[PDB]
Amino acid sequence: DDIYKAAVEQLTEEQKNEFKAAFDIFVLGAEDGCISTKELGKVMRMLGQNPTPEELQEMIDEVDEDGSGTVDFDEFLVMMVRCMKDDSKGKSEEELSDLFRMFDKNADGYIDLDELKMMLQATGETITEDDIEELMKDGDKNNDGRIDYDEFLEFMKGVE
Amino acid sequence: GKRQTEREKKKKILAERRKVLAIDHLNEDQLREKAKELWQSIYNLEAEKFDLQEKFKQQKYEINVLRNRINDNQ
Amino acid sequence: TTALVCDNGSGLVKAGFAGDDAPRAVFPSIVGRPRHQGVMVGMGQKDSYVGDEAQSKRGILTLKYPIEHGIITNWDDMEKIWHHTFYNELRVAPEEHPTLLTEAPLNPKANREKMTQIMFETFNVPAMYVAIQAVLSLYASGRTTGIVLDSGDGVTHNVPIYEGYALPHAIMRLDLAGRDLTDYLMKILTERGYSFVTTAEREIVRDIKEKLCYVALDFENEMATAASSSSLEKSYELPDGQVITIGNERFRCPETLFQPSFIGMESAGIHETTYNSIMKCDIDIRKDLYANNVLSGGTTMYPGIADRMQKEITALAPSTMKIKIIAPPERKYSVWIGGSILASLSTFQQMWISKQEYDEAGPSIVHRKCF
Amino acid sequence: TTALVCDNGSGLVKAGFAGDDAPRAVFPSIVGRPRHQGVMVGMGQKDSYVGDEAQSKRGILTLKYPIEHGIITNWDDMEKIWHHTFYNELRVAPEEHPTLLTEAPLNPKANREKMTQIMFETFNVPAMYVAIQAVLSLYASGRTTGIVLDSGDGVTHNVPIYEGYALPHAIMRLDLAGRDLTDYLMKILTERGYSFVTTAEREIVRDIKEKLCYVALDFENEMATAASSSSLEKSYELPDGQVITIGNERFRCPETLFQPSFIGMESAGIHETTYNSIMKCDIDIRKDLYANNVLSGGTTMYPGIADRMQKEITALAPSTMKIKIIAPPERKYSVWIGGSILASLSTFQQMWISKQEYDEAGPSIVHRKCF
Amino acid sequence: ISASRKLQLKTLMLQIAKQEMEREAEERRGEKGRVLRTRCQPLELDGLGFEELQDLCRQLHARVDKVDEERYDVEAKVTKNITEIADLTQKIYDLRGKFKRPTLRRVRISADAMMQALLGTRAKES
Ligand SMILES: Nc1ncnc2c1ncn2[C@@H]1O[C@H](COP(=O)(O)OP(=O)(O)O)[C@@H](O)[C@H]1O
Ligand SMILES: Nc1ncnc2c1ncn2[C@@H]1O[C@H](COP(=O)(O)OP(=O)(O)O)[C@@H](O)[C@H]1O
Ligand SMILES: [Ca+2]
Ligand SMILES: [Mg+2]
Ligand SMILES: [Mg+2]
């Protein structure tokens, strides 16, 4: 997901040029200029790793939102780093659940966005009102005006 | 009777917690020690009851969460 | 605050807050433990499904009613049913609500005393009161006289009342009711080939009885007609297909009410125990009881019973008296509607058995002035 | 640590670590001693080639499966197969990994007890658990009800499950499976001139069956069509040339599943033992079992079986019920995927048979609470 | 917006919530000790006649009885509450679980090993 987008944003032109040269060397002779789902799967089977074609479709849907089955530079790096899924288990569940439950200081079962605002003021990361709005949209799936506990699980799912 | 059993069980726990307070034969320091034992028991029960209160507040909020999710699960 | 008008019944528990028109939650009173082994892990399988949940998983349960004939035979299961009723079907803690249970006439004392002891110790209600199931059904009709035949699912009882003064020497309680009709229907269905044995299939036979059976106006003529034509054979689709066709079993199942010799019972039918209950009354209130005969309870919902009963009583009674049978369309919940009306009265507000009174006299308080 | 989800099977051993999508190593379970004399010295000739190595040197070996029908008939060879599976195909010592074997229903006890004794004494695992091969296939489908027909290569068994409660009285185990179909195909190929006799050529006939045979939607029409036209004759190249042409042997080999009278077996086909297994269940869960019929196992991979079986059951079943046949594309490894899911559960983590428990009660611990 | 900033927000919120909950728990412990010492009051009556000592002993035995009865009733009630909470949790899970089965992947072996295996001998720098 956008996890790999964050990971590659952590990465720099070193990884960009390294994978560009790897493309120049191994994808040499391919008429694509990118890596296709079928090409990637066949090459993996050639080397020995045999992921499912359903995984190919999933990954292509993820990185290549347009459904072309190719990999644009940013989504290409995202797909390439997607193979190495070192970070799993998504931090802790129950302790973070307690943290989120106490986040509802009003304890009404409703997480006001203003509590999030205060916590972000504590964080102070470079963010505008539209940014936190978009993040809440990514979190407030049912659009109930709060952070739902199930949606709290959803947006922090797999998140370390 | 299961409810008879519960009432009798709580009464028996009460009876067990009642120690033999036959101490007048003892000297002043020993009586002070016994009073300290009772005091420590009371303070420990105070800590236990405080934990009960905070955990019951958490239980109530989590039951609110449960009811909210019940509403969500229509 | 508001009062909880619960009504244990036997077959359907009906409950709801006082002052409404219909019970809030109506669900069968069955508690069924699973009987097979169970191989899926973590499926979240409970140890006992009660109420309406066990009417959906009844394929792998062994349903067993906790109330046999008015009396309660399995106190743990009844406590479980009450706990479910309070907490999940109404979601009101009992610590803040008076309760008004209902009880059949002529029941064992120990049943009533245990009921009040449970309500005061386990659920810890503020105050509870136990009322006879027929007086409420008389409340709901808006009358003040009349002889009410409350043919429930457990027990059929016939309480005559005049001007508000109940006649305790004229109560005729008979133990034939809907459950025996279900068993007899399940027993006569075997004459065509359909065998229902499992305690789960008793529910299917009950559904057949509810949807198809009717009371014949004249029994011999119907028996002759069903044996020549085929205009009566109505079909019904089981929960898996294989439709069945019920012939003259349709009006033979509920005929047991008027001829209890079918299931081997000695006593006379519900058409003659009402007349006997009237004749035990004084000679000057028989006309009013004749004119205000009231029907209630679930089992009196058979299509065509309010005419058969009137014909029978008119045959028995003197020719001059007018026989009228009150059969309101809201028959099933008549007892509960009457219970709501009684609990909503201001004059009744001081008859509750307050908890301090129970603490001073023990569970035997119910037989005392607070009846 | 991680658990080893082994699955002995009969014909293909499938193994891999818990929590993945597909087994790591899949290889035939055959152990073949050489049969000729051998003249080259120092060639490094071993005394028994097991697993996939003996499918390449099968020209001079005598392959013999160590598992006949679910049960294990040759314990030394099975021990050799397990040793190979642990050390060479996975390269993980068993001293540091729990194991989850699988076993067909209704198998002899001694087989299971010997299996656990071997796993605890020879390989010395920390803890092992034995599970019925059908419950896993139900796990993999993500259901919790349904009747699963797991037609493996050794034995075909049909376990119905509802709401997680298995019905032990409705398991119908039939011993017709892929191996008997291979033998019958090898027997009907002789009607054209091709004779396969050697135990090595049974593998060639198995390959023919896998690549060419299909299940006919209607048997008589196909028999009539194949006897007039020639649109069915598909050819196949043996491991040395001399192509062969299979005519109406294509759909006659797998037809034995629905008419076990072909190989002389008395019982009814897999289309009628499923209906019988359903009809033994209670009357209220038959609709759910009808709607959630699950297929699994290798032999249910014939092209066109999910339609023939549905047509047959729809013919047998009542006309109102909906018949649906779940045939996931990952049928072959369904049991192992389910095994991985079950081993990955947290609720299941305390059901393993810990070694100290075995030391206290002996191998008969498997029949006890830890099933 | 960018995803890196969103991940930074996520981890910062993790830290903020954890620290606030921890500080709240610390305050709860401090106030617990403070209020309980304010409730359980130490005494000092040494050297006194054993009559007064025994009167204090009986008073405190009764006090022990009262505190035990109250706290044990409260604990029983809280255990009942926790049991009911677990029942509701199981009910809500059964209503909204099932699909809740996670999936684990070991197919995604280390990507550097994949690059090495593909490039074969030429797998020198990648
Ligand atoms: N519409 C109906 N037609 C015929 N019989 C019915 C009908 N509804 C309910 N019954 C019978 O009445 C019984 C329910 O009676 P009910 O009045 O609920 O008993 P209780 O007095 O215990 O509440 C059922 O068991 C059923 O056999
Ligand atoms: N694609 C296929 N088409 C037809 N039959 C197959 C196919 N794949 C496997 N089989 C049959 O199924 C058998 C393998 O079944 P399997 O599920 O491995 O048995 P087990 O339950 O012992 O693992 C093989 O012997 C073969 O006869
Ligand atoms: Ca909030
Ligand atoms: Mg009634
Ligand atoms: Mg198998």
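As recorded in the entry header, the structure was determined using cryo-EM to a resolution of 4.9 Å.

Going by the PDB entry, chain E carries the name Troponin I, cardiac muscle and comes from Mus musculus. Heading Function of the UniProt record for chain E holds this comment: "Troponin I is the inhibitory subunit of troponin, the thin filament regulatory complex which confers calcium-sensitivity to striated muscle actomyosin ATPase activity." According to its UniProt record, chain E has this under Subunit: "Interacts with TRIM63 (By similarity). Binds to actin and tropomyosin. Interacts with STK4/MST1 (By similarity)."

Recorded in UniProt under Subunit, the annotation for chain C is "Polymerization of globular actin (G-actin) leads to a structural filament (F-actin) in the form of a two-stranded helix. Each actin can bind to 4 others." On record in UniProt, under Sequence similarities, the comment for chain C is "Belongs to the actin family."

Draft legend 1. Representation of the pattern of salt bridges in the model. For the structure shown, the criterion picks out 69 salt bridges over all chains. The partner of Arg82(A) in a salt bridge is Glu62(A), with the nearest N and O atoms 2.8 Å apart. One end of the pair, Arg82(A), is in helix α5 (residues 73–82); the other, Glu62(A), is in helix α4 (residues 53–63), and 20 residues separate them in sequence. What makes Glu62(A) partly exposed here is its relative accessible area of 24%. Where salt bridges share partners, they join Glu191(C), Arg192(C), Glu233(C), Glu249(C) and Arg252(C) into one cluster.

Draft legend 2. Here's a closer look at the site of ligand 1. All names here are of chain C. Residues in close proximity to ligand 1 total 15 residues, the closest being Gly 9, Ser 10, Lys 14, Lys 209 and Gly 298. The separation between an oxygen atom of ligand 1 and a polar main-chain atom of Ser 10 is 2.3 Å. For the shell around ligand 1, the element with the highest residue contribution is helix α5 (residues 201–212), accounting for 3 residues. Residue composition of the shell around ligand 1, by class: 3 nonpolar, 6 polar and 6 charged. Two domains each donate at least three residues to the shell around ligand 1, and these are domain 1 (4–137 + 333–360) and domain 2 (178–256).

Draft legend 3. The arrangement of the interface of chain B and chain E in detail. Facing 36 residues of chain B, the contacting portion of chain E comprises 44 residues. Taking both sides of the interface into account, the surface hidden between chain B and chain E amounts to around 3600 Å²; carbon and sulfur atoms contribute 72%. Joining chain B to chain E, the criterion identifies 2 salt bridges. The interface formed by chain B and chain E contains 9 residue pairs in polar contact. Elements supplying a minimum of two residues to the side of chain B that touches chain E: α1 (2–17) and α2 (28–72) of chain B. Per element, the largest residue contribution to the side of chain B that touches chain E is 24 residues, and it comes from α2(B). Partitioned by chemical class, the residues of the side of chain B that touches chain E number 18 nonpolar, 5 polar and 13 charged.

The rules behind these values
Residues numbered from 1 in each chain as written, not as in the entry; some residues may be left out. Chains lettered and ligands numbered in written order. Part of a larger assembly, values for the part shown. Heavy atoms only, no water. UniProt positions renumbered as here; feature names shortened; annotations may be inferred. Salt bridge = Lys/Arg side-chain N within 4 Å of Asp/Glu carboxyl O. Helix = DSSP H or I, 4+ residues; strand = E, 2+ residues; numbered from the N terminus. Buried < 20%, exposed > 50% of the residue type's maximum accessible area, 1.4 Å probe, protein only. Near = heavy atom within 4 Å. Polar contact = N/O pair within 3.5 Å; in protein donor to acceptor, adjacent residues only side chain to side chain. Nonpolar A, V, L, I, M, F, W, Y, C, P; charged D, E, K, R; others polar. Domains from an automatic or database assignment. Contact = heavy atoms within 4.5 Å. Buried area = accessible area lost by both parts, 1.4 Å probe.

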